[PDB]
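Protein chains in written order, with our numbering: chain A, 1 to 176; chain B, 1001 to 1131; chain C, 2001 to 2141; chain D, 3001 to 3038; chain E, 4001 to 4136; chain F, 5001 to 5094. Every residue, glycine too, gets a C-beta built ideally from N, C-alpha and C. Heads up: the structure comes next, in structure tokens.
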RNA sequence: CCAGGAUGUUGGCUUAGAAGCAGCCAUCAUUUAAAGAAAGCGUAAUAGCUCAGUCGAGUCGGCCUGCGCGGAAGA
Ligand SMILES: [Zn+2]
């Protein structure tokens, strides 16, 4: 509702194509094409994109609010781009990237080879740190979650893949 | 929470009555400052530790409006802090000027010396006035 | 005047120069030495009088020693040799216990020249008279 | 998590969210406050 | 528990609980727990309900019990043929009509009132509502 | 002080009284002085909030019926068996 | 959301030590737009978290009531 009341601005070069309920945001980096719900009514005017409900639906604004943030991130991805840094804490935990595949050695008796989706590239400035980059915030967040499941840091030392913006709390090992 | 109507009428009514007798009222930006600095600025102006107070552009707008004053809205943009003088020569502009020790001036948006409006390029003129 | 940067405060009195049983290695485990608490500490402490629990900031950077500036001690340490008894309250409020007064703690909390807010010798003066009565003591002001 | 017909907001960080049709209690300060079947 | 220290009779018929209640207003304290549903309160339910509120208030204020069992209940054990005389009294209950001021409290804040009766109402079989002393 | 709009009833009996409680209304009666009793039907909600104040049972009331302000006073009130509602209130001309 | 969230004072007694955050009490004052001698976690005592000017119009939650929800697992 309120969020939908805040029109989103699109930088220069950001080509926006609307086809009924489809939104194609192609800019400097990558191109995203998301399909809105059906109760949302996007209006391309001037150099911004407004959002509003549609007569005949209950939630109405409940959908316009999301579509406001959705296309919003779509523009941010095709302009500045999103990034997620996941560092590997622990002994023997290393990381390597050979092309579009990421090899991880989380103590496993066999190096894991995660496969990157559509447009998701990442390197490693350190043997224990990965930097994911993409144009889709939803995707870059899922890929970071996959590598986050391979080894969830325990509340004792935090050993395992974590997030650069995540705080892991630890605890003692009980007495006796 | 919030402040009841009757409780807000007084707040603005007070800041207005003190503005009618204030010989001066300089406005400036005080963001990123600490308490130790604020106190130091208060100790410099008056040993009573009371000087330089932060107020909203609204509380000041309707306060400067409740009193015959004009052309000051430009001095009320975003973070605003007022510094008036109800007694003694309003030449205490040198104190704050030297306190900010800034080679610029922008911070000290404007002021009103003796009912006379003054821009930001005049904050130094008064801060360099001889005894 | 800036931000957080080490500044503990644990002492028992001004007499005990760098004690051990009370605290000891507790006053220096991050950047303070459990020995130099007599050089820079008693740098002027023995030049006045040792008998009032006086705390102090730490302030440590990375230059070995520290530049801690001692200041005015608690206003309670004046409630054992400046207000009256040193202890023994018997019963909390079931009895008025003891009792201070106006003249008492008057020129005792005035010596403070490195603390207190507001120079108004009437608002910052009575500010050191609340606790003196908060312990069940009566007010003879 | 502790599942039981009754579900409430223990701490102030509690939140009563409905998923698929089941009341749940999400927490971000105490994993013990995690509930289900409300 | 609460039960008549003496009764002119040991047993009593069924006795239906019809009509409304009498004690609807508080005439002893400033607050109190009022009944809404229909049923009967046993000596255990009443006693247990008292401990709850009495405990939620530490040892301050005062509580009153407008209700009282004063009604014996007979029941026959297992492996017993029907008849052979009326059963034996096992416990005493109290008929509670919609609007019966169950308990009352005074000497404590209004907030602590609801909380107290809240932990006591959960002990009661029937529903209840919080009421406050009214003038006239 | 407390103005309470009223309207003379057209039928008495528990039957009519009940039909009133099923429309946010309740029966009433104003007796006292040399005047004869008068059936009155006050609004539930309205009076439901007016009685919430202790000044409603202390200070004098002013009922306006058929263009007439009769200064009365709360004599007695009958509350709902268990719900926070009203059944009937007696007023006295004073 | 980005903010601030201070000071007397580590309040007095108790204690190995308790400083808002064992526990007895007490609960005034202060500079203010506002900050409780202090909500929860956390410390051996501290520390560290943290709750109670901008943006620009809607927000907060008890009560009466309708319709629903979970509560609801058998061969
Ligand atoms: Zn929780």
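8 angstroms Cβ cut-off: residues of chain B touching residue 2119/C: 1047, 1048, 1049
Bounding residues of the alpha helix (DSSP H) (the contiguous stretch that carries residue 180/A): Since the first residue shown for chain A is 1 and the last is 176, residue 180/A is missing from the structure and cannot be characterised.
Closer than 7 angstroms to chain F by CB, residue 4098/E: yes
Listed by chain order, chain C residues near residue 1034/B by CB distance under 9 angstroms: 2001, 2002, 2003
Residue-level contact to chain E via CB, residue 5054/F, 7 angstroms cutoff: yes
Cβ-based contacts, 9 angstroms cut-off: residues of the stretch 5006 to 5035 of chain F near chain E: none
Neighbourhood of residue 4007/E by C-beta distance below 6 angstroms, restricted to the same chain and skipping five residues each side: none
Residues near residue 5086/F by beta carbon distance below 8 angstroms, same chain, minus five either side: Hits under 8 angstroms: 5026, 5044, 5047, 5048, 5051, 5077, 5078, 5079, 5080.
Contact between the stretch 4050 to 4064 of chain E and the stretch 4100 to 4109 of chain E (3+ Cβ pairs under 8 angstroms): yes
Cross-chain neighbours of residue 4024/E in chain F, by beta carbon under 9 angstroms: 5079, 5081, 5082
Cβ neighbour criterion (16 or more within 10 Å) applied to residue 5056/F: buried
C-beta atoms of residue 79/A and residue 133/A nearer than 7 angstroms: no
Residue 1016/B, enclosing alpha helix (DSSP H) - first and last residue: First-last of the alpha helix (DSSP H) with residue 1016/B: 1005 to 1017.
Option in 148/A, 149/A, 112/A, 97/A with minimal Cα separation from residue 127/A: Relative to the Cα of residue 127/A, the nearest Cα in the group 148/A, 149/A, 112/A, 97/A belongs to 97/A.
Supposed contact pair residue 1072/B and residue 1011/B - C-beta distance, whole angstroms, cut 8 angstroms: Going by Cβ atoms, the distance from residue 1011/B to residue 1072/B rounds to 19 angstroms, so no, they are not a contact pair.
Endpoints, the beta strand (DSSP E) within which residue 85/A is located: 82 to 89
Sequence-distant residues of its chain with Cβ nearer than 6 angstroms to residue 5059/F (five each side left out): 5001
Closer than 6 angstroms: residue 5020/F CB and nearest ligand 2 heavy atom: Ligand 2 is not part of the structure shown, which contains ligand 1 as its ligands.
Where residue 1096/B sits in the DSSP three-state scheme: helix
Length of the line joining the Cα atoms of residue 11/A and residue 47/A: 8 angstroms
Residue 1084/B and residue 1028/B closer than 7 angstroms at C-beta: no
Residue 4059/E - DSSP class collapsed to helix/strand/coil: In the structure shown, the three-state DSSP call for residue 4059/E is coil.
Residues bridged to residue 126/A [DSSP beta-bridge criterion]: 129/A
Reduced DSSP category for residue 1088/B - H, G, I as helix; E, B as strand; rest coil: coil
DSSP three-state assignment for residue 4105/E, whether helix, strand or coil: Correct three-state label for residue 4105/E: strand.
Residue interval of the alpha helix (DSSP H) (run including residue 1123/B): If you look at residue 1123/B, you'll find it in the alpha helix (DSSP H) that goes 1123 to 1127.
Listed by chain order, chain F residues near residue 4020/E by CB distance under 7 angstroms: What residue 4020/E touches in chain F: 5081.
Counterpart residues of residue 4075/E in DSSP-defined beta bridges: 4088/E
Simplified DSSP state of residue 2063/C, which is helix, strand or coil: The DSSP-derived three-state label of residue 2063/C is coil.
Burial state of residue 2032/C, where buried means 16 or more other Cβ atoms lie within 10 Å: buried
Neighbourhood of residue 2101/C by C-beta distance below 7 angstroms, restricted to the same chain and skipping five residues each side: 2140, 2141
Residue from 30/A, 57/A, 53/A whose Cα sits closest to the Cα of residue 73/A: 30/A
Through-space distance from residue 2108/C to residue 2072/C, alpha-carbon basis: 12 angstroms
Bridge-paired residues (DSSP) for residue 5003/F: 5062/F
Cβ-heavy atom distance, residue 3011/D to ligand 1, below 6 angstroms: Answer for residue 3011/D: yes, Cβ within range of ligand 1.
Alpha-carbon spacing of residue 2036/C relative to residue 162/A, whole angstroms: 43 angstroms
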